[PDB]
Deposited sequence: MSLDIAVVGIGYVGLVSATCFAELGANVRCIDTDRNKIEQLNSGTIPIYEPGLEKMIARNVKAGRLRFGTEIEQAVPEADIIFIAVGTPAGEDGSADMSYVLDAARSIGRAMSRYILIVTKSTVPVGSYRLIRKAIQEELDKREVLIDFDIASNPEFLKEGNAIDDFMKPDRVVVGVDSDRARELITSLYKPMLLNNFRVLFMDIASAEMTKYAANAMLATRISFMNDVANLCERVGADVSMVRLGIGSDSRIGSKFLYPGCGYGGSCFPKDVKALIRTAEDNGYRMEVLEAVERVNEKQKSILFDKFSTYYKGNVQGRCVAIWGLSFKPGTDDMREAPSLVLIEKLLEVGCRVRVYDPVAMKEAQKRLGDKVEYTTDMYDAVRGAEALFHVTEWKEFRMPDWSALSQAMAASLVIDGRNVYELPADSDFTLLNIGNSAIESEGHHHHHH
């Protein structure tokens, strides 16, 4: 088989460790957070990633998945170790490499024999050199002579579809600088990729850049379509028709062209900013990406502007309802969510904000406390509301009872940030 260690319990580490176990590997998944580690082991933590809770539980029961807090205990047990720790934005916008290098030093401190270290974390081009050096310095301090290889294997799964994205990926990208790493990685993924061995091998630097360019291009599709939607509004065109009209060109493709109230999540904002910053360090300005960022920042302001413009600037103190708080459907994650930008402005003007999300309300309460009203379901939310904002397109919002909404609301006004509705109400949307 393989013995695999994974460092990190973010989506990436948790999903990857769990899926490798599901595939028959013996896996140890490690993190510094002892509380969460014990809860993952016990099955006492709410998990909203579809299928993940049961997949963890079955692989723990089967004895193929174990959770721990000590990298130094896992290293001598593993044939391959994946660094899948966070790379959040640093104070100046560059990728914060502190957690990645902490893991690398721990690996070097505990190494007992040859091991392959694979960096799955999103790390700037050249990072593999810093990781290698950190590991080697620890071996030197120890005065030991132990062989190892490093590789890059960025992850491309999205929150909300993580297991399917991991188990049936469009491709797997792998940066290597050795035959040994290529062989070991081939043998790891060959049994998984039954349709076609679609592992793309390349040099390490190129694999690291690939992750940045991918997320940057996705963000660019979205900001591009946002600018087009906003223009459509002024000239009397229908952006959903335009989307169909251009996505049908096979050179463009039909996915990730949805305009709306912006992209959120931790990843696109942090990764676009880090790539911009890597470029600046090298004397280069990334003008397309700078524009994509500016557009997205403005787009997160539009829902409030629609609401205030409908009411001709008279919105102080009104009651409103919001459907959707998470940054996208299928998660409790609210990092960089457009909902928070809307909420913050609504609070500045003293609105009474009633919120509902099928999963993210505990996270919302962690962020907002008593500043908003938490409601039991979508219909409870709209009681007495003078506007309804549809911000995150969870499936339960898709087919509302408009009659019931109209009876419950103070004013029959819906502002759709995700362009899902057609009325049988005044409906405002993007484009």
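Asker: Mind pulling out the bits of the deposited sequence that never got modelled, as residue ranges from 1?
Answerer: Several regions go unmodelled: 1, 426-429, 437-450.
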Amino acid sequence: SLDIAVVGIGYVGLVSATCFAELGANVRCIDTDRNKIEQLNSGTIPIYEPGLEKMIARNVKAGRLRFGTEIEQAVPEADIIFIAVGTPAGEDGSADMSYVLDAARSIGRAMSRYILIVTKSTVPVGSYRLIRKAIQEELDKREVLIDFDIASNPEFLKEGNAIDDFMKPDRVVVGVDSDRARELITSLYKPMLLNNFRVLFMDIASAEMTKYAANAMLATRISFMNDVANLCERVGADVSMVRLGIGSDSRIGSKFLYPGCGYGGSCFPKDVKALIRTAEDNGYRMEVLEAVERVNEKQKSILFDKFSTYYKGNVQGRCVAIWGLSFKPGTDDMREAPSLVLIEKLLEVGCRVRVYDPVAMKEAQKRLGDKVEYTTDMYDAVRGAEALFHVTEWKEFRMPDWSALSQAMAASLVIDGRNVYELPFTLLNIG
From here on, numbers count along this sequence of modelled residues.
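Asker: Would 240-248 or 186-194 have the larger average of its C-alpha temperature factors, as given in the entry?
Answerer: Higher mean C-alpha B-factor: 186-194.
Asker: Averaging C-alpha B-factors over each stretch, which comes out higher, 87-95 or 120-128?
Answerer: Between 87-95 and 120-128, it is 87-95.
Asker: According to the Cα B-factor stored in this entry, which of the following is highest: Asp357, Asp305, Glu290, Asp140?
Answerer: Among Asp357, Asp305, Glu290, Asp140, the highest C-alpha B-factor in the entry belongs to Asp140.
Asker: Going by the CA temperature factor in the entry, name the top one among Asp333, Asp281, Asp227, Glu336.
Answerer: The record points to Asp281.
Asker: Sorting the chain's CA B-factors, does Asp203 end up in the lowest, middle or highest third?
Answerer: Middle third of the chain for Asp203's C-alpha B-factor.
Asker: Test of reading the entry: by CA B factor among the chain's modelled residues, which third contains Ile45?
Answerer: Ranked within chain, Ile45 CA B lands in the highest tercile.
Asker: By its CA B factor, does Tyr374 count among the lowest, middle or highest third of the modelled residues in the chain?
Answerer: Middle third by C-alpha B-factor.
Asker: Per the entry's values, where does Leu275 land by CA temperature factor relative to the rest of its chain, in the lowest, middle or highest third?
Answerer: CA B-factor rank for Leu275: middle third.
Asker: Using only modelled residues of the chain, where does the Cα B factor of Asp31 rank: lowest third, middle third or highest third?
Answerer: According to the entry, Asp31 has a C-alpha B-factor in the chain's highest third.
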